[PDB]
Amino acid sequence: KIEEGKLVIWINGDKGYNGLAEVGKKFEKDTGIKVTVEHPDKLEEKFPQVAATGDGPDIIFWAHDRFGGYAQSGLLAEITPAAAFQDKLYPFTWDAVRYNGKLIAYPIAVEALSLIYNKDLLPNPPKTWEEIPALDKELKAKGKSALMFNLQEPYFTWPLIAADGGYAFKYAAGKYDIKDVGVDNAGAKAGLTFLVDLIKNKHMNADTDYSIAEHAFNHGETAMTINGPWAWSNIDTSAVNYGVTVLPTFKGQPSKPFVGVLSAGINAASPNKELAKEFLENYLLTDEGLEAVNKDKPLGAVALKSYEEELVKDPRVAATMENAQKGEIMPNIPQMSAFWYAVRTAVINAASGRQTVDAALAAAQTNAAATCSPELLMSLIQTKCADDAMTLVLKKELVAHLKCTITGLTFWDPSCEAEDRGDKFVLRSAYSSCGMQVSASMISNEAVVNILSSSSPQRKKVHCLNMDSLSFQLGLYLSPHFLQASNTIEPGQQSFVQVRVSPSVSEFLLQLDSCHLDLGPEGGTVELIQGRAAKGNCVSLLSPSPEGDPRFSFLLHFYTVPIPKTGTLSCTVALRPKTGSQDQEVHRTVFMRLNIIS
Ligand SMILES: OC[C@H]1O[C@H](O[C@H]2[C@H](O)[C@@H](O)[C@@H](O)O[C@@H]2CO)[C@H](O)[C@@H](O)[C@@H]1O
């Protein structure tokens, strides 16, 4: 699923991703968190397909209308901005991203279509739609056209459809009524008919799309176009001398564009939600962050109050707000996708001439209304830590409960593959083999699991303790207190032993499996500890040090003389991770030579 530790962003290609990536770069320097900005095609329709399966970006940028459908499906995570932060943005933007009383996304910018015109060609654009035919006429004699804009997305045709009273859904009793659809109303039929009449009269071409309309205006083929703020950049790359003004009226009524609020939602499956929040609130939403995106591609009106006040001075931004006020914010209801899909058809079918305006719009109103559980799998993988080797074991029975078929299990080195013993899957590697990593006094690798259900590999971090890195020493103390002389031992006097390891391992639990004192030939061997417990009345276990160092006490009695001159204390220590099971427990033996005297 989503990669843990990194932020993946999806945004439409027309919007500045480069300016956004430059915001992420600033985020990397301070927090060292790499931000990947991508712009796939059909990210709005692609996101819900992948997100439902757990795959997708950590953050998605789109108009607000799509986020309610995502929300109602459970693909978005409710954002939790502080009241002090919400006041920094205009209240109406928070209304766009509010769903079921929850905030499902962060509003970024307010987007509304405007009329862009060529000043060199047309210093004073027409005030109304009705006079475009008379305009286009004057231009065609010069080998040009009055207006070109994308007819394949109803977003661009809606301003004319809603000018006479066309509407997607009526708002009553505080909610959008999905049974009541305004596509077939005479206001829409009047707008769409006007569009068709422009195509029939040759004033526009039905096949026109976005990239053709953008190429035509920037290259001087047409005097006017309808687009959003994002497009002003490429017009600047071009030398076109242009201006942004309010959309022309229709039947005396202003053109009502559907106003989207560019918003950043957080994936419901993303583990990084905290990072997404820290990035969006602290960095992306700011005077600087928004300016960085605006330099690459214009955002137009912004949700942030402070930065907005500066942007409103821009004539182009003032023109976008003027068009927004005359427009209606898009409903965020899940039904919008069916509405948009249905309206796109009617515009294309009616503009193509395949259907009459009444027949096309009437049909649109009808359509508008309209097992593996691999996360558990990794838990079954057991890490066995031997002295020289690490072995991974996966019980077959447990796998059966999960209903998964494992295609492969390996270490980092693909050469090392698990072997099937028929009751379990075992994978053994030497600490120096299979790309094992020796660091931090630990031997770490990853178990790469491939399941038939998912193409992507599953990775689980495995670790074993490296005892060669650790240094073991045997202390001996005359009293139950720290003392500097461990070398000499005396009979009949209590002796206290402490096992010290450097670098001290606090994470691991220390226990003494066995201890022995070897008096050599003729002296015999005395068993101080066995079976993890003290042996005999002369030995008793003590409490460990503040450090993990274990401790025990023993009393040494000799009946006869000569006393053994020298002896060696042997103690076998067991090391288990506080976070690990017994499988990962490792054992080492420590020896020390000591002088016995009396
Ligand atoms: O055309 C239907 C389409 O309209 C909106 O998409 C806009 C978007 O709001 C703008 O920010 C920009 O990306 O242009 C898009 C049109 O291609 C809706 O947001 C979208 O759901 C809908 O399909």
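Each value in this text was obtained by applying a stated rule to the coordinates, not by laboratory testing. Methodologically, a virtual Cβ is constructed for each residue, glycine included, from the backbone with ideal geometry; neighbour enumeration extends over all protein chains shown.
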Criterion first (among the small types (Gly, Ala, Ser), closer than 21 Å to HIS64 by Cα and more than 21 Å from the chain's Cα centre (by Cα)) does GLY265 satisfy it? no
Can you tell me how many residues within segment 396-422 are surrounded by fewer than 14 Cβ atoms within 10 Å (Cβ to Cβ) and within 21 Å of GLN582 (Cα to Cα)? 1
Just for segment 42-99: of the residues that are hydroxyl-bearing (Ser, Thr, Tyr) and assigned to a loop (DSSP other than H, G, I, E, B), which one is surrounded by the most Cβ atoms within 10 Å (Cβ to Cβ)? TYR90
Could you identify the single residue in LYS179, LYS142 that is farther than 23 Å from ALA324 by Cβ and part of a loop (DSSP other than H, G, I, E, B)? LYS142
Evaluate segment 291-304: report whether one residue or more is closer than 16 Å to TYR106 by Cα and part of a helix (DSSP H, G or I). yes
Note on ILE266: of the conditions (1) aliphatic (A, V, I, L, M); (2) closer than 19 Å to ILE9 by Cα; (3) within 16 Å of the ligand (Cβ to nearest atom); (4) part of a strand (DSSP E or B), unmet is (3)
Pairs only if they're at least six apart or on different chains, beta carbon under 7 angstrom, first in segment 32-45 and closer than 19 Å to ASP65 by Cβ and of a type in the set (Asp, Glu), second assigned to a helix (DSSP H, G or I) and within 16 Å of the ligand (Cβ to nearest atom); list them, first residue then second. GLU44/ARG66
Enumeration of residues in segment 435-447 that are among the hydrophobic types (A, V, I, L, M, F, W, C) and surrounded by fewer than 19 Cβ atoms within 10 Å (Cβ to Cβ): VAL438, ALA440, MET442
Breaking point among (1) under 40 Å from the mean Cα position of the chain (by Cα); (2) away from the ligand (no atom under 16 Å from the Cβ), for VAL183: (2)
For segment 423-433, what are the residues that are under 30 Å from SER471 (Cβ atoms) and surrounded by fewer than 20 Cβ atoms within 10 Å (Cβ to Cβ)? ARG428, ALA430, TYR431, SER432, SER433
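A quick yes/no check of all residues on (1) part of a loop (DSSP other than H, G, I, E, B); (2) on the phi > 0 side of the Ramachandran plot:
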| site | (1), (2) |
| --- | --- |
| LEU517 | no, no |
| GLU522 | yes, yes |
| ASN537 | yes, no |
| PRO562 | yes, no |
| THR568 | no, no |
| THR572 | no, no |
Which numbered condition trips up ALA109, out of (1) farther than 20 Å from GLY260 by Cβ; (2) buried (at least 24 other Cβ atoms within 10 Å of the Cβ)? (1)
